[PDB]
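Asker:
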Amino acid sequence: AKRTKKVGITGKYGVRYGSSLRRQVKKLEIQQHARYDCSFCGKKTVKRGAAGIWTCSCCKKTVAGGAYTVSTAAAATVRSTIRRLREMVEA
Amino acid sequence: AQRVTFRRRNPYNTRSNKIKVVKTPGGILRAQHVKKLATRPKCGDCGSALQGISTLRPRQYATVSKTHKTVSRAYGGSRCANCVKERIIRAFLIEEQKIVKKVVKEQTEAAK
Amino acid sequence: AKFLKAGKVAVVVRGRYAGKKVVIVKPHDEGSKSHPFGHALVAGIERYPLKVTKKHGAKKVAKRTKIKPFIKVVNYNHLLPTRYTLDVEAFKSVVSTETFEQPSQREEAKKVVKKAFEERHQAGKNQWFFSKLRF
Amino acid sequence: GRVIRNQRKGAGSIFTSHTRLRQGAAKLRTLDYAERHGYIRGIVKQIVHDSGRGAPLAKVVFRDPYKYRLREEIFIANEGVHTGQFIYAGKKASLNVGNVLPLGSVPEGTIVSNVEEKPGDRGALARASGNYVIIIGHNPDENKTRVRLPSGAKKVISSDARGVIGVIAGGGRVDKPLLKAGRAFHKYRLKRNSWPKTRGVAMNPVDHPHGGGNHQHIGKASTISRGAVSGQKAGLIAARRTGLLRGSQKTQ
Amino acid sequence: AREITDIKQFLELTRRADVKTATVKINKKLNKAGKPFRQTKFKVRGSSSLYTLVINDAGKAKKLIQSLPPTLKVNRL
RNA sequence: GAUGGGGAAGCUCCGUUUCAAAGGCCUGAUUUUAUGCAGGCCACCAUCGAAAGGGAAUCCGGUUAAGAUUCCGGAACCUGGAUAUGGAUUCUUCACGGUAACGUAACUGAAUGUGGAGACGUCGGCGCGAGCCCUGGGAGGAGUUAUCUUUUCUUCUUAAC
RNA sequence: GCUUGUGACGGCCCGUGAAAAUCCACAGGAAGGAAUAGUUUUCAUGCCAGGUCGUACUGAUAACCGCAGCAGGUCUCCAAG
RNA sequence: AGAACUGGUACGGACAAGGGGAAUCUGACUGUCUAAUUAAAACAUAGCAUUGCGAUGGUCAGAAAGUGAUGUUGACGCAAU
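Chains as they are written, first to last, in the authors' numbering: chain BB, 2 to 92; chain Bh, 2 to 113; chain Ba, 2 to 136; chain BC, 2 to 253; chain Bl, 2 to 78.
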């Protein structure tokens, strides 16, 4: 049963704070509190603790990432830039 | 129901002022001060609590015999079994690969 | 095929002798009524001989080259098999099923192993086995 | 008149930083012979949250080569690093995110962070969350290198100054609206006494130059010259253009 | 202090050259679901501890009370 | 907030580990060495600052006109020090058992390094424990009793270690 | 059932929510040691000492502050049917 | 939760305990201040925009200093609006 129609998590703020501000807040809190896969153990056990620290409940492997996402889109190509830039040193 | 009072001179309830009321033999309710609770010793590598070691306040550890302060393993009262177990694996295998690194180096440079 | 032979050298990761190498005297792949698993009879050593130098002399050499062995049943899951091999052609009938329990007769097993390993430690024989593992 | 809220922040009485829960400075490892001639193996033990900083820290341990002991170092955790990762420092370090290298040792196109203004201050530039500086050309003559700062300014620095590869974690933090007053209060309770802000027009003439008047108006010109005097530098300081700037981004 | 339940060792600590006094206590207690019996306690005061030996049968009391050395000052009851 | 320092005519101001060569410390020498001396050494780097922040160790009974976790009695534990008695250890000279998590009262050990405790946000529900509340049987006392009530109240307790 | 303590948890954050004294443990191997007995005083027992300062009472519409024994103010633990 | 009966139709029987609706002006809301006449459409708040600054720096303090606050900071930051 879909209890709430369109505001979901941000509906806890009642009617205050406008509609777009709640909606824009709504978008980030969905992935801020979401469950991510771990690169070291491959489980749905990655959660955010503190600002920009992503820890894995199993195997205690903590991965540094974005303030609200494990891997922010603005920096996913940064390692792609480096990795593409590494091979020119060798070949 | 009888009501109790503080026996020390501090009138506020804190972690250092915990109070447990006990049934005194004289037939009255007396407040009995409880010391702060001990915390389990933790492994240095995995952070989890390590079993087999007595838990007590820090200074009072100087009185307990070594049977509650040292298991018969290597890294007795500092690491916990599994951390020691893989510490052996990491030490044994890397030294095993190090000589493998050395033998290949002696062969490639010789045939260079 | 089966590389857990009767001369194999391994490392112990569980029990009191954690991090001390051993030599497999007799393997039991099919198990037994007691220890119903892949237990192994090892004769490794507990106290490693300290390093000796040219400055050391006479009594200060003999005491340093002292080895305290031990005999113990260990499961395969607590051992680290290697390709190394140690010469065990001395003590076939020393370590066996009757060697354990009634520990009074366990003593001579720990004595013949010490003297046999004492001889094998002199000169550059099995240098890796008698070197203390850093971990 | 009276001393102003902008003037009162110089004495540092109640405006000191709330440096109780801050683990320590995030300065880079001090340069030494092992660094400018080779690379050092090193590992981070844990990554910790700093107070008043949106970027996670990193506690990297470097074995002292001179003496038998361990040295812990506080590094700004570049996004993509994890506990137990081998962070490499020196000339011969490879090109991977997390390692720190001098700018002269890296080819064109690389973006780095926590770079040194001078060779040995252990990192001054691009330390905030999500910031980076791009390598936009080398100057082998007279050993310089020029880079693009996160504000778009182009600065030329020495090729010997060190910088750590990769962007800094915690980026995209300001994309979340701050919503409540208390969230601002919680954020600023650990940084400094700079909140809340009271408008100078509302107060009296003693409290601020904008003060006074039967209406809520600034009065004379708000923009203040750079060559002004402390005590009246409480408006637009040496403004070049005001109003909505027009045009696209990525200006020359 | 603690309580010890061995007869042979108990005599050893009586003449242990540090015990000066000792006391004996009698209690009339119950047992099981039957008639009560005669119960006695033997107490020994050491230098830092107070040992004791409880006996629920007066049969063993006779041969023990005579075994106490005369030099030990006993507070009867 | 005092030194080393830098200002200030100056009362004094800045900083307090920063442009200071800033310290004691275990082994050995012993047998005029008292403690010097010959080496291994480590370098922290004034002091103050929270009787509700951290903190080594005890309770019960009783006793004054006024005191008590302080006094009387009984029963504990901690620290500093000196010396033995008993036990374990050993010609496998510095222990054994269990496959293992680990255990057995004891069951060598320095410089140095590492690790843990101290050390710890708030809210919500759940489990368990203690104190109190409710209540049955029984052993006593007190209350009512014109009529009724196997009735009402009350004692039945146990400490640190 | 109320008070309280504790345990495994879950929610919150661009707040993730103290330091040191002190105590212990591990790696390391210096140094010394056997049975005619040497250690063992972080095993059981035995011997001695624990210095200085405070301890009475109120803590409130009469003991504190408000010229007064002034309906004002002053922090906290226990709390039954 | 339900069914019969019963009470001069009384039954949250004492205490306890929301008046409600159509609108208009204005501040978005929670919050804060003239402690001793103004609690407010005033201040504050999130949001929006602008400005200065790449530290041999931007803003501010000091009588100097081998002095400081931001700064245990770095443009997703600090400072002024």
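Cβ coordinates follow ideal geometry from the N, Cα and C atoms, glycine included.
(1) Considering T41 of chain Bl, what are the terminal residues of the alpha helix (DSSP H) in which it resides?
(2) Does the ligand ATP have a heavy atom nearer than 6 Å to the CB of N76 of chain Ba?
(3) Would you report the Cα separation of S95 of chain BC and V116 of chain BC, rounded to the nearest angstrom?
(4) Can you find the residues in the same chain that come closer than 6 Å, C-beta to C-beta, to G232 of chain BC, ignoring five residues on each side of it along the sequence?
(5) Give the interface partners of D176 of chain BC over in chain BB, defined as CB-CB distance under 7 Å, in chain order.
(6) CB-CB under 8 Å to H69 of chain Bh, same chain, minus the five flanking residues each way: which ones, in chain order?
(7) Select from the region 28-53 of chain BB all residues with a C-beta closer than 7 Å to any C-beta belonging to chain BC, and list them in chain order.
(8) Run through chain Ba and tell me which residues come within less than 7 Å of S73 of chain Bh, C-beta to C-beta.
(9) Compare the beta carbon distance of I44 of chain BC and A35 of chain BC with 7 Å and say whether it is the shorter of the two.
(10) Pull up the CB-CB distance for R70 of chain BC and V62 of chain BC, whole angstroms please, since I reckon it's below 8 Å.
(11) Note the first and the last residue of the continuous beta strand (DSSP E) segment covering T53 of chain Bl.
(12) Pick out whichever of Ba:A7, Ba:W129 and Ba:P28 has its Cα sitting closest to the Cα of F38 of chain Ba.
(13) Could you tell me how far apart the beta carbons of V14 of chain Ba and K22 of chain Ba are, in whole angstroms, since I believe they sit closer than 8 Å?
(14) Report all residues from its chain with a CB closer than 6 Å to the CB of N194 of chain BC; omit the five preceding and five following residues, and keep chain order.
(15) Which residue or residues does DSSP assign as beta-bridge partners of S159 of chain BC?
(16) Three-state secondary structure (DSSP) at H38 of chain BC?
(17) Between which two residues does the beta strand (DSSP E) holding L87 of chain Ba run?
(18) Taking 7 Å as the threshold (beta carbon to beta carbon), is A94 of chain BC in contact with chain BB?
(19) Based on the DSSP output, what are the partners of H40 of chain Ba in its beta bridges?
(20) With a cut-off of 7 Å, does the C-beta of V12 of chain Ba fall near any C-beta of chain Bh?
(21) Could you check how far apart the C-beta atoms of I158 of chain BC and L104 of chain BC are, in whole angstroms? I think they sit under 8 Å.
(22) Taking Cβ-Cβ distances shorter than 8 Å, what residues in chain Ba pair up with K86 of chain Bh?
(23) Can you give me, in chain order, the residues of the region 79-92 of chain BC that have a beta carbon less than 9 Å from any beta carbon in chain BB?
(24) Buried or exposed for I95 of chain Bh, going by 16 or more other Cβ atoms inside 10 Å?
(25) Between which residues of its own chain and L14 of chain Bl is the CB-CB distance below 8 Å, once the five residues before and five after are set aside?
(26) In the DSSP assignment, what are the bridge partners of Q33 of chain Bh?
(27) Quick check: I166 of chain BC and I135 of chain BC, are their CB atoms within less than 7 Å of each other?
(28) Within its chain, find whatever has a CB closer than 7 Å to the CB of residue 152 of chain Ba; leave out the 5 residues flanking it on each side and keep chain order.
(29) Sort out for me which residues DSSP pairs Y37 of chain BB with in a bridge.
(30) Is the shortest distance between the beta-carbon of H209 of chain BC and the beta-carbons of chain BB less than 7 Å?
(31) In the DSSP assignment, find the beta strand (DSSP E) that holds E80 of chain BC and state where it starts and stops.
(32) Taking Cβ positions only, does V64 of chain BB come closer than 7 Å to chain BC?
(33) For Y76 of chain Bh, I'd like the list of residues in its chain whose CB is within less than 6 Å of its CB, leaving aside the five on either flank, ordered along the chain.
(34) For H139 of chain BC, which three-state DSSP category applies?
(35) Closer than 7 Å, Cβ to any Cβ of chain BB: which residues of the region 227-245 of chain BC, in chain order?
Answerer: The short version:
(1) Looking at the DSSP string, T41 of chain Bl is not in any alpha helix (DSSP H); the run it does join, the beta strand (DSSP E), is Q40 to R46.
(2) No copy of the ligand ATP occurs in the structure displayed, which carries no ligand at all.
(3) About 17 Å.
(4) So the list is empty, once near-sequence residues are dropped.
(5) Chain order gives the chain BB residues near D176 of chain BC as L29, where near means a beta carbon separation below 7 Å.
(6) Once the five neighbours on either side are set aside, the close Cβ partners of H69 of chain Bh are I54 and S55.
(7) Listed by position, the residues of the region 28-53 of chain BB near chain BC (Cβ gap below 7 Å) are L29, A51, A52 and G53.
(8) Against chain Ba, the beta carbon of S73 of chain Bh has neighbours under 7 Å at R17, listed in chain order.
(9) No, they are not a contact pair.
(10) At roughly 10 Å, the Cβ-Cβ gap does not stay under 8 Å, so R70 of chain BC and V62 of chain BC are not in contact.
(11) Unbroken beta strand (DSSP E) run through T53 of chain Bl: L51 to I56.
(12) The shortest C-alpha separation from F38 of chain Ba is found at Ba:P28.
(13) Contact between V14 of chain Ba and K22 of chain Ba fails: their C-beta atoms lie close to 11 Å from each other, not under 8 Å.
(14) So the list reads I15 and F16, once near-sequence residues are dropped.
(15) For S159 of chain BC, which the question treats as bridged, DSSP gives the partners BC:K145.
(16) In the three-state DSSP reduction, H38 of chain BC falls in the coil class, being neither helix nor strand.
(17) For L87 of chain Ba, no beta strand (DSSP E) segment is defined, and its DSSP state is neither H nor E.
(18) Answer no: the Cβ-Cβ gap between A94 of chain BC and chain BB never drops below 7 Å.
(19) Looking at the DSSP output, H40 of chain Ba shares a beta bridge with Ba:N76.
(20) Interface residue, yes.
(21) About 7 Å separates the two Cβ atoms, so the contact holds.
(22) Near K86 of chain Bh (Cβ distances below 8 Å), the residues of chain Ba are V14, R15 and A19.
(23) Only those residues of the region 79-92 of chain BC whose C-beta falls short of 9 Å from the nearest C-beta of chain BB are listed: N79, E80, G81, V82, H83, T84 and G85.
(24) Flag for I95 of chain Bh reads exposed.
(25) The answer, listed in chain order, is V20, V45, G47 and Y52.
(26) DSSP links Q33 of chain Bh through a beta bridge to Bh:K21.
(27) Contact: no.
(28) Only positions 2 to 136 of chain Ba appear in this structure, which leaves residue 152 of chain Ba out of reach.
(29) Residue pairing by DSSP puts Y37 of chain BB in a beta bridge opposite BB:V47.
(30) Chain BB, which has no Cβ nearer than 7 Å to the Cβ of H209 of chain BC, makes this no.
(31) Neither: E80 of chain BC is in no beta strand (DSSP E) and is coded neither H nor E.
(32) True, the Cβ-Cβ gap to chain BC drops below 7 Å.
(33) The residues are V85.
(34) Correct three-state label for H139 of chain BC: strand.
(35) Contact residues of the region 227-245 of chain BC toward chain BB are absent (C-beta to C-beta distance below 7 Å).
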